[PDB]
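*Asks:* Let's see this in three dimensions:
(chains A and B)
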There are 2 protein chains.
Amino acid sequence: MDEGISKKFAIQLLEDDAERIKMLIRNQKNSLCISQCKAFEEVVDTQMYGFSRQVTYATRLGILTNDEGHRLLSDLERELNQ
Amino acid sequence: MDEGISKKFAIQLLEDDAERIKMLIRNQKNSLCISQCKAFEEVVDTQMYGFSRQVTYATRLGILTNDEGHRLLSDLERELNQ
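*Replies:* Residues are numbered from 1 along each chain as shown, chains lettered A, B, ... in the order given. The relevant structure is shown in the block below.
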């Protein structure tokens, strides 16, 4: 019985579905997703480091006292660990 | 001399800069960034598993021969390894 029609249909549907799943897999492996999260993390580290360098420099110069300098770094440190 | 003006300015700039750095840290510690990447990864796995379940079901029914069924799964497997 023509229902060879249904089998033929089911088979090409499955093949076309495979393509859709392969596209998903490609969009995954080609994602910049994690990489983008890590790049942002890197910006923050560098921003934090450059500012902290300045707190230290201000302390060397006597613009901050040692405790003042240490309190600022301690606040950054405290932020970092929640 | 004031210049005590400059020192006063430098100290408050350093404090305000500290707030900008803490804002960055908070904004990254509150990042749902990695989570969102992993969530999508999870959608893809589930999409692929559901389809794969159907390839298997079709093979059981005789709609695909065993080699056909195995080929499709083998193609998805290949994509997963690029």
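
*Asks:* all contacts plus neighbour counts: C-alpha atoms, from now on.
*Replies:* Will do.

*Asks:* element containing residue A:47, please.
*Replies:* helix A:33-61 (DSSP states H and E).

*Asks:* ditto for residue A:8
*Replies:* Using DSSP H and E, residue A:8 falls in helix A:4-29.

*Asks:* Which neighbouring elements make contact with that helix?
*Replies:* With contacts taken as 3 or more C-alpha pairs under 8 Å, 6 or more residues apart in numbering or on different chains; DSSP states H and E, helix A:4-29 sits against helix B:33-61, helix B:66-80.

*Asks:* does residue A:7 really touch residue B:61, like I thought?
*Replies:* No. Using C-alpha atoms under 8 Å, residue A:7 is not in contact with residue B:61, being 10.5 Å away.

*Asks:* Identify the residue nearest the geometric centre of chain A.
*Replies:* Centrality entry for chain A: nearest residue to the mean C-alpha point is residue A:37, 1.3 Å, by C-alpha atoms, centre = their mean.

*Asks:* if I pick residue A:47, what's in contact with it?
*Replies:* residue B:21 (C-alpha atoms under 8 Å, 6 or more residues apart in numbering or on different chains).

*Asks:* and if you look at residue A:7?
*Replies:* residue B:63.

*Asks:* That one and residue A:14, how far apart?
*Replies:* Per C-alpha to C-alpha, to the nearest Å, residue A:7 is found 10 Å from residue A:14.

*Asks:* roughly how far out does the helix holding residue A:47 sit from the chain middle?
*Replies:* Distance, stretch centre to chain centre, for helix A:33-61: 16 Å (C-alpha atoms, centre = their mean, to the nearest Å).

*Asks:* Flag every buried residue along it.
*Replies:* A:33, A:37, A:40, A:41, A:44, A:48, A:51, A:52, A:55, A:56, A:58, A:59 (16 or more other C-alpha atoms under 10 Å in any protein chain shown).

*Asks:* tell me, which of the residues you listed make contact with chain B?
*Replies:* Contacts with chain B within the buried residues of helix A:33-61, counted by C-alpha under 8 Å from any C-alpha of the partner chain: A:33, A:37, A:40, A:41, A:44, A:48, A:51, A:55.

*Asks:* I'd like those laid out as a markdown table, including distance to residue B:27.
*Replies:* A markdown table is the format used below for these (distance: C-alpha to C-alpha, whole Å):
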| residue | distance to residue B:27 |
| --- | --- |
| A:33 | 17 |
| A:37 | 12 |
| A:40 | 10 |
| A:41 | 10 |
| A:44 | 10 |
| A:48 | 13 |
| A:51 | 17 |
| A:55 | 22 |
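
*Asks:* quick one: which of the residues you listed is nearest to residue B:69?
*Replies:* Of all these, residue A:33 has the smallest distance to residue B:69: 32.1 Å, by C-alpha to C-alpha.
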